[PDB]
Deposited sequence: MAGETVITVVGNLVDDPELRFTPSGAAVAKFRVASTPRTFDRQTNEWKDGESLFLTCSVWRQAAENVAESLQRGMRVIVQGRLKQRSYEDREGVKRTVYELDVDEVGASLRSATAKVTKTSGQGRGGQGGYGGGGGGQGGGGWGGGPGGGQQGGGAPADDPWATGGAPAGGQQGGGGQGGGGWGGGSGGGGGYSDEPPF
């Protein structure tokens, strides 16, 4: 790959923003705050694609705890996470899950 795959756990800093590509593919962006314990927080901008993007826009909001795995990138400088998988954390919440 040359890709840097990582996992991050934290809380959304903001509600997800849903956009679309020219082909009509959904893309949702949101910032995650990961806090080591409180030490200084790691903030990462995440983007989620396709169906997951819509499930995220609908299901998630500021303050919710997530676990995300994706590919770490740097843009020209901001560091970003291209998310491959996103889950609503069950650490301190329950979920009623509905298959799309």
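Compare what was deposited with what's modelled and send me the C-alpha-less stretches, numbered from 1.
No C-alpha coordinates exist for 1, 39 to 48, 88 to 96, 121 to 199.
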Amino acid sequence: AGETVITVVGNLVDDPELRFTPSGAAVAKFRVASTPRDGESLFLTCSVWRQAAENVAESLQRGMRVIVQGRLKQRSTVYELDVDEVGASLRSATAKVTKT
From here on, numbers count along this sequence of modelled residues.
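As stated in the PDB record, which stretch has the larger average Cα B-factor, 28 to 36 or 64 to 72?
In the deposited entry, the stretch with the higher C-alpha B-factor mean is 28 to 36.
Would you check the entry's CA temperature factor for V56 and let me know if it's in the chain's lowest, middle or highest third?
It belongs to the lowest third of the chain when residues are ordered by C-alpha B-factor.
Splitting the chain's C-alpha B-factors into thirds, which one does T94 fall into?
Middle third, going by the recorded CA B-factors of the chain.
By the record's CA B-factor, is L18 among the lowest, middle or highest third of residues in the chain?
Ranked within chain, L18 CA B lands in the middle tercile.
Chain-relative CA temperature factor third for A1:
Highest third of the chain for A1's C-alpha B-factor.
Check where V78 lands among this chain's C-alpha B-factors and tell me if it's the lowest, middle or highest third.
Top third by C-alpha B-factor.
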